[PDB]
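Results of the structural survey
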Amino acid sequence: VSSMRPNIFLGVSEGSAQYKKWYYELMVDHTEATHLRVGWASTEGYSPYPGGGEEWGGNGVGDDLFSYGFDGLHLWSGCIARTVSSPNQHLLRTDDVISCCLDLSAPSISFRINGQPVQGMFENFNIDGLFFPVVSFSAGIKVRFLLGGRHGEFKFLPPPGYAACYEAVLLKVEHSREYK
Ligand SMILES: [Cl-]
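Reference entry: report on the structure contained in this document. (Residues numbered from 1 in each chain as written, not as in the entry; some residues may be left out. Heavy atoms only, no water. Residues with missing side-chain atoms left out of burial classes, pairs and counts.)

Within the protein chain one finds zero helices and 15 strands. Against the globule reference of 16 Å for 180 residues, the protein chain gives a C-alpha radius of gyration of 15 Å, in line with a compact fold. C-alpha extents for the protein chain along the principal axes are approximately 45 × 45 × 35 Å. (Helix = DSSP H or I, 4+ residues; strand = E, 2+ residues; numbered from the N terminus. Rg over C-alpha atoms; globule rule 2.2 N^0.38 Å.)

In structure tokens, the structure reads:
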């Protein structure tokens, strides 16, 4: 299991914050046991290093208390699966488009699948740190972030009040993979 993320970091501050609600999509270009989870993680989940260093771990989305993932059937956090429902329900597969929503004002993390709402969302979790889009996947799986911006246009309209993640570009994708 590998992971990818863009360099987009969203969070609370004491400055101007016209947008507290953030949206992106993931397109699944190819799927062939397997793993494919998408959602968000916080920098509070970084691994500590000597001298105060903190590093992204690149682990499975929802396999700790700092990340929040959807796989088509379940929501994941803290290594535990919650069952959710949707129309036409399936584990993620080729040509699925997953919408990911982060509402820092609620707080909530919620999803759509091929434009339809997933019934069940994350609530009652902390919003310490900065949040980033993130996906994790087993071998051979091909996915793309659609962040907004001319090279990653959305397939669906963001919900009212939501901003494209591309607007928070202060754009690169990082991929973490096992070495061995
Ligand atoms: Cl890979």
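Attention shifts here to the packing of aromatic side chains. One pass over the structure, following the stated rule, counts nine aromatic pairs. Judged by centre distance (6.5 Å) and plane angle (85 degrees), the rings of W56 and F132 are edge-to-face. Taken as a pair, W56 in the loop between β5 (53–55) and β6 (67–70) and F132 in strand β12 (residues 131–137) lie far apart in primary sequence, 76 residues in all. Cluster of aromatic residues (ring-pair linked, three or more members): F9, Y46, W56 and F132. In this structure, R5 is placed above the aromatic ring of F132, and the distance from its NZ or CZ to the ring centre is 4.6 Å. The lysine or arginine in question, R37, covers the ring of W76, its NZ or CZ lying 3.7 Å from the ring centre. (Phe/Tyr/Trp six-rings, centres within 6.5 Å; stacked < 30°, edge-to-face > 60°. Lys NZ or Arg CZ within 6 Å of the ring centre and 35° of its normal.)

Each neighbour pair has its own omega, and for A106 with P107 the value is -5 degrees, a cis peptide bond. If you trace the backbone, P107 turns up in the loop between β9 (97–103) and β10 (108–113). Phi is positive for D95, which is not a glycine, with a value near 80 degrees. At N124, a position not held by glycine, the phi torsion is positive, near 60 degrees. Among the secondary structure elements, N124 is positioned in the loop between β11 (116–117) and β12. Among the residues examined, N124 registers a relative accessible area of 80% and is labelled exposed. (Buried < 20%, exposed > 50% of the residue type's maximum accessible area, 1.4 Å probe, protein only.)

This paragraph deals with the pairing of β10. Regular strands have side chains that alternate between both faces of the sheet. Of all six residues in β10, six are buried, a share of seventy percent or more. Residue alternation in β10 divides its side chains into two sets, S108, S110 and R112 and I109, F111 and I113, and both sets are buried. Strand direction decides the pairing type here: β9 and β10, joined by six bridges, are antiparallel. In the strand pairing of β10, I98 is matched with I113. A loop of two residues connects β10 with β11, the two strands running antiparallel in sequence, and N114 in this loop sits at a positive phi of about 50 degrees. (Pairing = 2+ DSSP bridges.)

Turning to the pattern of salt bridges, a few remarks are in order. Applying the stated criterion to the full structure yields three salt bridges. Residue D29 pairs with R144 through a salt bridge whose shortest N-O separation is 2.8 Å. We note a salt bridge from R37 to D63, for which the minimum N-O separation is 2.8 Å. One end of the pair, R37, is in strand β3 (residues 36–42); the other, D63, is in the loop between β5 and β6, and 26 residues separate them in sequence. Owing to a relative accessible area of 9%, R37 belongs among the buried residues under this scheme. Given a relative accessible area of 32%, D63 falls into the partly exposed group. (Salt bridge = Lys/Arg side-chain N within 4 Å of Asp/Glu carboxyl O.)

Take it as geometry only, folks, not as evidence of what the structure does.
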